[PDB]
């Protein structure tokens, strides 16, 4: 089986084009992930800045919990001023837990973006390696079809065939080309090669979809980070006051117990 009819030549031509288009279309699709890498890196910087900016609030909250733990040890954590202080600070405690949780979610999303991007890249590279080589195999038949005992129409079609598709490929178009070529004896020797090219295309493309979805979830977590970071910073002065007050309460109960022993 060489390509002897115009129909066989055209099905081979279209396939060779689509296989060669795999690397070009996938590079285009891959390049859409760079904006997501930039976004996640930007989230990480913003988180590091928020972590600095909230640290005085966090320090005050730690001081409060330290003093409360000591009041609980003394059996005096039911002191009405302690109770009042704990009420006053509970929203900030809750906001700190949310900041920790949403920042973690942002950072996991960041990790996942890079991982999906690395897989998209490797998928692209495998797809190109396979696609370019399978297209070369087809071109053996196409070039042979320019000469010999095929029809004049077969030879002319082979002469006309360009290396390149005029538009982007896709899972559907590549598969369409492969399926059309299933009818053609000489091309059928490479069927498994064609399959593996398509599988790598799918994998790369799916990884790019995962980058985009992951990055969208990341952004929504980051909005919550930004909201709660501001609430913590805003509470910093009242948290420092609360820490001093409960320290005083705790110190009074310490000295009452010392002086009573």
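Positions refer to the first chain, counted from 1.
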Higher-B stretch (mean Cα B-factor, as the entry records it), 37-45 or 190-198 | 190-198
Between 146-154 and 91-99, name whichever shows the higher mean Cα B factor according to the PDB entry.
-> 146-154
Listed options 26, 222, 211, 232: highest C-alpha B factor recorded at 232
Which listed residue, 128, 114, 72, 176, has the largest C-alpha temperature factor in the record?
-> 72
Divide the modelled residues of the chain into thirds by Cα B-factor and specify which third, lowest, middle or highest, holds residue 8.
-> lowest
Lowest, middle or highest third: where is residue 167 by Cα B-factor in its chain?
-> highest
Taking the C-alpha B-factors as the PDB entry records them, is residue 184 in the lowest, middle or highest third of its chain?
-> highest
Can you tell me which third, lowest, middle or highest, the CA B-factor of residue 77 falls into for its chain?
-> highest
Sorting the chain's CA B-factors, does residue 159 end up in the lowest, middle or highest third?
-> highest
